[PDB]
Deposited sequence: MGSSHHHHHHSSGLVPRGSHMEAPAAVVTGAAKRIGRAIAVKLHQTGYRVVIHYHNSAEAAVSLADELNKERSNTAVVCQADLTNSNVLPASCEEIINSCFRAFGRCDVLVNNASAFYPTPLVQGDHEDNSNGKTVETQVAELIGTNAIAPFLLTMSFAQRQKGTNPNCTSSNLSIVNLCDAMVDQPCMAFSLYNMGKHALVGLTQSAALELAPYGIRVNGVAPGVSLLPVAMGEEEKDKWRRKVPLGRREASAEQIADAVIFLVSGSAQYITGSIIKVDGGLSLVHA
């Protein structure tokens, strides 16, 4: 019987590439999404055309609120409902936008940025663990630039920092259950859809290795390694996939 993985924010971009590779590797997948219903349903279609009954979608808002724990339990429950098991959790979904110190209220920005990047991963990790020849693991999508952050992204960066602490704390606490917890930290990969071509090229030219951003697939490759049998002694590790960008001084 095939293992099963949940990938959050899997309709588009990096999450999608992660879901596709897991699926190509033999996993059944839960394609979590928030707003991208069309693209989620379309991906599950593609995947199920390749192997019947191997992909399902699951909608949820991962903003912090008093119902977030229920929503996160339900995401994990959805994997058990579809597939009878849950072997891998990929915490990929993420809000990302500036919150300068000097439309949304600051309460909402806190809820969204810290919820998606930190609190929801924690709650999903709880629910994953609670529900548990096995290779169980969690991969959190971190950020290679968290000690050299973008200007005016304090809430986002706080979330990704918290995500590092989660990675370490959960690796430690879940090791006795045979659950490994690790990270993959892109530098610049697929640039924001809203970002102009001038800015995108400014970022590309900063990367030592190729003067280009990572493909979604290059990020996915490292996720695939961490969940694989070739990483069974690896826990609490965060693998940069940044083409050297974090090594470059101002």
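In sequence order, the deposited residues that have no C-alpha coordinates form the ranges 1-21, 124-132, 163-170.
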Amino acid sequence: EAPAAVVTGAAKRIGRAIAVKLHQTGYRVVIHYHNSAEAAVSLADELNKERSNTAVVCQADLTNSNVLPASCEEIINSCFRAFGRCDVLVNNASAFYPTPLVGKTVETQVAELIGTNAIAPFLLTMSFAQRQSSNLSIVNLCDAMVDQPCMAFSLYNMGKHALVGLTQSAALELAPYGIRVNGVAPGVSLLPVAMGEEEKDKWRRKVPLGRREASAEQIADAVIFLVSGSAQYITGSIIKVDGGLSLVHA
From here on, numbers count along this sequence of modelled residues.
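For clarity, a rigid core is taken as the largest C-alpha set superposing within 1.5 Å between two forms.
Rigid core fits of the other structures in 9 other deposited structures of this protein place the C-alpha atoms of one stretch farther away on average; of 206-214 and 62-70, that stretch is 206-214. In the other compared entries of this protein that model both flanking residues, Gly103 lacks coordinates in at least a third of them.
Notably, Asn117 is never a gap: all other compared entries of this protein, restricted to those modelling both its neighbours, have coordinates for it, so the one-third criterion is not met. The mean C-alpha temperature factor is higher for 199-207 when 199-207 and 184-192 are set side by side.
The stretch 75-83 shows the higher mean C-alpha B-factor when 75-83 is compared against 167-175 in the entry. Which of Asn35, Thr63, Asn66, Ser215 has the largest Cα B-factor in the deposited entry comes down to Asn35. Listed residues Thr99, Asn140, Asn157, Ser133 were ranked by CA B-factor as deposited; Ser133 comes out on top.
Per the PDB record, residue ranking by Cα B-factor puts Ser228 in the middle third of the chain. When the modelled residues of the chain are ordered by C-alpha B-factor, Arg13 sits in the middle third. Split the chain's modelled residues into thirds by C-alpha temperature factor. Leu89 is in the lowest one. In the PDB entry, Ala162 places in the lowest third of its chain by CA B-factor. Ranked within its chain, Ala2 lands in the highest third, by CA B factor from the PDB record.
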